[PDB]
Structures are given as C-alpha cells and as structure tokens.
Amino acid sequence: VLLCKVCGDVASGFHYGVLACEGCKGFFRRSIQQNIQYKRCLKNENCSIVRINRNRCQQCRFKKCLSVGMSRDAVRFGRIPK
Amino acid sequence: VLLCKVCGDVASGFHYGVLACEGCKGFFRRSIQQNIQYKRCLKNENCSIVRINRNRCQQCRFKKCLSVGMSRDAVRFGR
DNA sequence: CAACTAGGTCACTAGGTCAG
DNA sequence: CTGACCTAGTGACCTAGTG
Ligand SMILES: [Zn+2]
Ligand SMILES: [Zn+2]
Ligand SMILES: [Zn+2]
Ligand SMILES: [Zn+2]
C-alpha cells in the first residue's frame, strides 16, 4: 500500500506533497506552524528516521520532512487522477 | 493552453461566464449556493490568488471570483 | 444531432481534538 | 507533543440538459 516517505510507516494519505503517515503529517504541520527551532542533533546531522525511532530526534525528523518535499505549497485536495 | 481567470490553473471550460478551473468552478457554485458567510480575510484583504495558494484565503478567492466576472446570471451553454 | 456546461457525486486532505 | 480519528471542504469526473 502507501508508505510514509519520512519514516516508512503506512501512509495515511498524500500530505503536503508527499505520501506520509499520520504521525509525520501532524509533526510537520505542527513544526511548520507555531514555528520554533528544535534542540540540537545529538549525533551527526543524520539519524535514520524510522517507524519505531521517529520521535527520538525532532531535529533530524523535521529536517527529513522538508528533505523529502513537504510544504504547504505542494498540497493537492481532491481525488487522485492518472 | 487555456487558463483559469481566477487562479491561472488549467481552465476546463466556461463556468459562470468565465474560463475557470474545476477547483474555482466548484468553489464558486458552493459559495453562491450557500449561506455565504466567509470569515473576514486575516491579512489585509488583498491576498493573491494562484494555483499554489488558492485555498489559503476563502474570502479573497470568492472575492476574486466575482471580481473576474463570474455569476449565475452570466452562465452560457454552448460555444 | 453535436458541443458544452451546471450540478451532483464522492474520493481525498488540512486541521482540530484529545486521550495516551 | 505524539498520532488515531472526525469533519469541513476541495476538486476530479460524470452526465442530465441546454446553436
Ligand atoms: Zn512517517
Ligand atoms: Zn538527529
Ligand atoms: Zn481556478
Ligand atoms: Zn485574503
């Protein structure tokens, strides 16, 4: 089926331009709205965001959402076409 | 080819007397065929209306619909 | 009769909620 | 402070009717 582009979980839809799970849809919006910076990464700027460890590090997570393409400008309402 | 007058998206026909997109087409019908009470624009009632942000401000988008000439009494059926 | 569109449908999503 | 779950809307598609 649908896989979340950011953590690999099951995608619940197409959100902000990329298929994503409900957890990352909310996280992203949440972040990109009521904005504020996230604590500093506790490793190298690369933490493998996965279904089980996605919440362990917000900085690399949010960074990953943008990474894959999420934004308010890539929204697509309605049915899916071709 | 053709474009929507309200948002510049691909027009799909002459709706309410103005080349419009399916999006703006239905949005307009939904507006004037309902208890039109759009929350006042949150940002200086001069919000631009393009493909990327057409859903961001309803009051404006609708305002842009009437602004470009749409209305039920401007409808046309064949040309 | 063909060309073309207003509605009506309903597949889909952004945001709001609120119990973990 | 995360994410399953609802709802208010959005717009792709279809078709009843309309020189
Ligand atoms: Zn995810
Ligand atoms: Zn990290
Ligand atoms: Zn439009
Ligand atoms: Zn506005």
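Reading the values: the criteria
Residues numbered from 1 in each chain as written, not as in the entry; some residues may be left out. Chains lettered and ligands numbered in written order. Heavy atoms only, no water. Residues with missing side-chain atoms left out of burial classes, pairs and counts. UniProt positions renumbered as here; feature names shortened; annotations may be inferred. Helix = DSSP H or I, 4+ residues; strand = E, 2+ residues; numbered from the N terminus.

If you check the PDB entry, chain B appears there as ORPHAN NUCLEAR RECEPTOR NR1D1 from Homo sapiens. Under its PDB header, the title given for this structure is "CRYSTAL STRUCTURE OF THE ORPHAN NUCLEAR RECEPTOR REV-ERB(ALPHA) DNA-BINDING DOMAIN BOUND TO ITS COGNATE RESPONSE ELEMENT".

Per the PDB entry, chain A carries the name ORPHAN NUCLEAR RECEPTOR NR1D1 and comes from Homo sapiens.

Q: Help me understand the UniProt feature "DNA-binding region" in chain A, please; the structure alone is not making it clear to me.
A: UniProt records the feature "DNA-binding region" at residues 1-77 of chain A, using the numbering of this structure. Annotated as 27% helix and 8% strand, the span residues 1-77 of chain A places its first and last C-alpha atoms 20 Å apart.

Q: Could you clarify how one ought to interpret the UniProt feature "DNA-binding region" in chain B in this entry?
A: The UniProt record annotates "DNA-binding region" at residues 1-77 of chain B. For residues 1-77 of chain B, the end-to-end C-alpha separation is 21 Å, with 27% helix and 5% strand making up the annotated structure.

Q: I keep staring at unusual backbone geometry and nothing clicks. Help me out?
A: Phi is mostly negative for residues that are not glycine, and the peptide bonds are mostly trans. In this structure, A:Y16 takes a positive phi of about 55° despite not being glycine. For A:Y16, the location among the structural elements is in the loop between β1 (13-15) and β2 (18-20). The phi dihedral of B:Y16 is positive, around 55°, even though this residue is not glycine. Mapped onto the secondary structure, B:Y16 falls in the loop between β1 (13-14) and β2 (19-20).

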